[PDB]
Each structure stands twice: as C-alpha cells, then as structure tokens.
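turn this into a structure:
(chains A, B, C, D, E, F and G)
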Amino acid sequence: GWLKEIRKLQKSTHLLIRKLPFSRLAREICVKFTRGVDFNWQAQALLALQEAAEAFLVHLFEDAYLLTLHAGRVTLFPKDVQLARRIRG
Amino acid sequence: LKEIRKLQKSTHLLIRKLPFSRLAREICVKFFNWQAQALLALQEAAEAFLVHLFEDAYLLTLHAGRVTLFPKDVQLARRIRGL
Amino acid sequence: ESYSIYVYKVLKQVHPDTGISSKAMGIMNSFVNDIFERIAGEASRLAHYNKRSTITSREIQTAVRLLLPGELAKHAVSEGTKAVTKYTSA
Amino acid sequence: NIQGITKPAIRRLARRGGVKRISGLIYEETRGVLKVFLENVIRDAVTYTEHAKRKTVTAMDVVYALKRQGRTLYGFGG
Amino acid sequence: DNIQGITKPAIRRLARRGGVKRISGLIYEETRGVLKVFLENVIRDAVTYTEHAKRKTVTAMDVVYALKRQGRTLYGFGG
DNA sequence: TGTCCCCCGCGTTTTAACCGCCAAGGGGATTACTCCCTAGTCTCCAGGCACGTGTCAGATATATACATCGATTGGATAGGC
DNA sequence: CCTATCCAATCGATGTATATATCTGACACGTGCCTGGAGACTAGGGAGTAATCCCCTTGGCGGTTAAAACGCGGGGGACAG
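Numbering: from 1, shown residues only, chains lettered A, B, ... in the order given. The coordinates are given below.
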C-alpha cells in the first residue's frame, strides 16, 4: 500500500493519535509545572493540544521529507527531523 | 577556507553602499528621499539575512555529503522558513 | 455574545443554498477576531508613530494596505472606502 | 506513559505528511519532539490559568499558549 | 538595471562569512534573486508608513518598523 | 570505483567606492490658533441573543456487482528427405 | 514418420460507480428578555493647518586607491554506475 495509504489519510480529516494516551501524556507533563498537584483538563483543551500537536508533527514530517529527497534518499532519517528543527528558529 | 575565518572575525559591510543605495531606490520608485541612516538600516539587515541564509543553506549542503552550494540549497532553506 | 450569526447572514449572502456545521462557524468565529486583532493592532501602532491619539479611516486603511497582500489589500480598500462614504453622507 | 504514542500512530502521522519508508528510532525521535513541544505549550498554558486563581486549563489557555509559541489554533475559541 | 550592483566578490564575501567553502555559479545570481524579493518586501512596508504620514523623507524608523512587521527586528537605529 | 569538470589562486588591469569639501533649499519640526467630533452621560429601543425542539445534512455498514485482460503449453499439421 | 510450425485456453486478481436511506442527534429557526445598540447635548482637548527655522541630503568635482574584473593551470569535488 505504497500508492494506496498515501492518498487515504490526506483525504481523511479526523485524528490520528488516540485521545486517552495523549491526555495521559498531557497530564503527566502538566504535573511537572504545577509543583506536584493533580489538575483538571477540559475536554476542549485536550483536543486543542491534540489538534495542535498532530498538525505540528505532520508539518515537521512534510518539511523533512523534502530533506530526505535532497540527499537522494526515500528513507526518512532523524537527521532530517533535527535539521528541520534548525532552519525554523 | 582562507577568508572564512577573516570575515567571521570582522564586522564591516561586505556590500558597498552606493550600488545597494541605487538598488533600494530602484524599488523605491515602484511604490522620494532616503536618509543615510535609512540606507544603513536597509543594508545591515539584508547583509545579515544573506549571511544567515547561506549559513542555514550550508546545513543542507553537508546533509547530502556535498561541500558545494547549489540552486536547490537556497530554495529548500526558504521553504521550511515560509518566506 | 459572538460574531457567529453576523458571519451567517453574510454566509446567506454568498451561499444561500449551502449549509454549514458548528465547527466551521466557530473557526469563522475565530477568523474575524483573528484579523481584527491584526488590523486594529497595526492601526494602534500607526497613529502612535505620527503622534496621533485617535484612529480615523486612514489608520485602518493603512493597516489593511500593510497587512493584507496586494490583491486582497486593494479589494478590501475598495470594500472599505465605500462604507465610510455611505455612512457619513447617509 | 510516553509509549502511549504507538508505532502505527507515528506511521499514520508520517503517512499524512507523505513519508514512504518510516524508519526505526524515528519513532523515538517523534515522541521526543512531542515531549519538547507539549511541554512548551503546557508551561505557558497553566501560567495563564494560575493568574486568575484557577485550577483548570480551558481551551482559551491552550490558544494563548499556542499564540505565544507562534502558531494560531482556530477551532477551539470559546 | 541595478541588480548587477551586487557583484560576485560581494556575494563571495557574503558566502565566505556564512561558512561556505566552494560557491557555485548560480549563487552569484541567486543572491541577486533573493535580494530582489526580500528587499522589496522591506521597501513597500517602509514606504506605506511614509504614505501614512505627510512626508517624502523615508527615515530609518520606517525601515525598522517594516523589519518589525516582517519579523526580524533591527538594533542600533531607534534614537 | 571513477572519470568530468568548476571554481580557486595568482598575475595583471581598471572603473568606480570613498573621502574632502562647498551648497542650499526640500521639508520635518515647532508655535499658535481655531474648530471637528468624539467621549461622558442619559434615556431609549430593538436586533441578538439563550431555550427549546423539527427534522433534515450527513456517515457509515458493507453485499459483492463489474467484464474481460496478461500469459503458457499440448494437440493438429504441412513440408523433408 | 520425426520434426518445426499456427492456436488458444486455462490461472488468477484488482480495481470504484452511485445504490442507498437507516441508527443517532445537532443546525435552522421561532420565541422572548434585554443589555447592549443607538440618537443626542456639551464642554474641550486633540486634529488640521498656515508661518518660519534650519537642517540635512540631494547635487556635484576632484585624488589615488583599495576593490572589482579577467584568463590560465589544474585538482579534488559531484555525481554516474
């Protein structure tokens, strides 16, 4: 499904990361900057973080796949994801 | 490799004033009077943008193994920047 | 209160046959104040540069001309310079 | 808790971005960046809700933190 | 045609300051490309302020305000 | 591995940047005056807004339709010597 | 009668068109409360604008001089396999 799976998720519009592990990760990050206390997270506030992070990750991947073909590669590498986090500031 | 360590330690303007002044005033008539302080304000930011764009495009150079710049180097750096 | 139904009637202007969900309205409800904060923002600096403590139509016009791109800025000027005339004279 | 971001999830994420061959430690490179990003939004977003003497980050506190980060989220404005 | 005022040794100094070992051929024109498309976005955004006030003298303040609008602030020209 | 070649350095040549200096009024800024018109306040007054429900815009569930098209080997078969 | 020469027949897989209206539940809108929208006096402090200063950048001629430009040898880099 090289030519099949590329044209399905871009036509689709829903989420790709699951809601509950993302919410658990967001709470595990939120307890760091709250001096170690439990914290309430609204249902809109978690989906906002999810919609932001998914869009940011697909933008970082589509800005690194152009660096993949720059070296004559079709295989994505972490050298492309660390170079895309350098020409952004 | 010789003058690379010469201009990085220096601070003077690489582009001359009057060709840059004529180039700026060629765009100025497309939309006057230019102060000598305003021409330096046009030239310093543009030179520091050019050096930084070349520095960021040289990271695209040593990603493919190359050491030589290319036309695809200045067109891929501004793609991630969104300019 | 919100801009939403004010978005809807204009939505009835350009597309009466086309409906909408509440999400795309909300983005619309997050669109106008996204540009408002721009155009009233840039006009907050424009009058400050010429030592003015008021905002006329020229400050908003200059903020539109500075913020919007070339074909969009002229089209919003021609859509903006007609509403200052039909409000004062009528 | 960092392994909640599964392997076909990052695969689908890179597939949305249009990546044919998604590598190995890339899967550990993503959740690392997801640890870098999600911190930088949450460090600001609870800073907004602690000024109003509140214990709940709303959607607007996420929008303000993202507007501080440099990207404006639209569809969560209340 | 004042795009040739940005000469090949000037672009060479701009590249050698950025850590470039070997410059290619089109880079001596590509600079003349990008300095034609960057600076124009600095010019009009600096002249509209001049078109905002009643003046014909484009000060350095209009330049640094245009560079603030584009997103790269400049030091050494405020007061 | 491997051969094609593109700028780099250097000897040589020269056109224009920069400095030195006089000029001189375009016009930015300042003074002062006079008048727009908009904020404060106030009563008014009316589209725009929550409550509530009528029902229609849409989003799967998924049965299996849809007809030939790319290719290989065993059996007849006309000519040879 | 051995042998080279036309024929086809079995093997199999890989795609969307528009075919729907059916299990839930949210958009368009009617109604109504009202709080913000809106007309209007009134003092007044900012907007607009003429006169003048003097400033500073346009305008220009000359000196010699560092910086720009041009042609050749080649040697390690770019990219092809």
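
what about the helices in the chain?
Because you didn't say which chain, this covers chain A. A:19-30, A:43-62, A:65-68, A:78-83 (DSSP state H).

chain D, not that one
D:7-16, D:26-49, D:59-69.

hmm, the last one in reach of chain E?
Think helix D:59-69. No - counting by Cβ under 8 Å from any Cβ of the partner chain, chain E has no neighbours in helix D:59-69; the shortest distance is 14.5 Å. Where C-beta positions appear, they are placed from N, C-alpha and C, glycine not excepted.

how about the residues of chain D by chain C?
Counting by Cβ under 8 Å from any Cβ, chain D sits next to chain C at D:72, D:74, D:75, D:76, D:77.

which residues touch the fourth one?
Which is residue D:76. Counting by Cβ atoms under 8 Å, 6 or more residues apart in numbering or on different chains, residue D:76 touches A:44, A:45, A:47, A:48, A:51, C:26, C:30, D:59, D:60, D:62, D:63.

quick check: the second one touching residue D:61?
Yes - Residue A:45 lies in contact with residue D:61 (Cβ atoms under 8 Å); the separation is 6.8 Å.

shared neighbours of those two, anything?
Residues touching both residue A:45 and residue D:61 (Cβ under 8 Å, 6+ apart): residue D:45.

before we move on, the earlier item: mind putting the helices of chain D into TSV with distance to residue A:38 and mean neighbour count?
Converted to TSV, the helices of chain D look like this (distance: least, Cβ to Cβ, whole Å; neighbours: other Cβ atoms under 10 Å in any protein chain shown):
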stretch	distance to residue A:38	mean neighbour count
helix D:7-16	27	20
helix D:26-49	12	19
helix D:59-69	17	20
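
would you turn those helices into TSV with distance to residue A:40?
TSV is the format used below for those (distance: least, Cβ to Cβ, whole Å):
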stretch	distance to residue A:40
helix D:7-16	26
helix D:26-49	10
helix D:59-69	12
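
a markdown table please, covering the ones you listed and showing distance to chain B.
Formatted as a markdown table, the helices of chain D follow (distance: least, Cβ to the nearest Cβ, whole Å):
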| stretch | distance to chain B |
| --- | --- |
| helix D:7-16 | 17 |
| helix D:26-49 | 15 |
| helix D:59-69 | 15 |
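
what's the closest of the helices of chain A to residue C:76?
Nearest of those to residue C:76, taken as Cβ to Cβ: helix A:43-62 at 27.8 Å.

ok, and does that closest one reach over to chain D?
Yes - using Cβ under 8 Å from any Cβ, helix A:43-62 reaches chain D at A:44-45, A:47-49, A:51-62.

what comes up buried for that helix?
For helix A:43-62, a neighbour-count test (16 or more other Cβ atoms under 10 Å in any protein chain shown) marks A:44-54, A:56-61 as buried.

what's next to that helix, contact-wise?
With Cβ under 8 Å, 6+ apart as the test, helix A:43-62 has contacts from A:15-17, A:19, A:22-23, A:26, A:76, A:81, A:84-85, D:13-14, D:16-19, D:30, D:33-34, D:37-38, D:41-42, D:45, D:57-59, D:61-63, D:66, D:71, D:73, D:75-76, D:78.

and DNA strand G, is that helix touching that?
No - interface with DNA strand G: helix A:43-62 contributes nothing (Cβ under 7 Å from any atom of the strand), its closest point being 12.9 Å away.

can you give me the angle that helix makes with helix B:73-81?
Angle of helix A:43-62 versus helix B:73-81, following axes from the mean of the first three to the mean of the last three Cα atoms, to 10 degrees, is 170 degrees.
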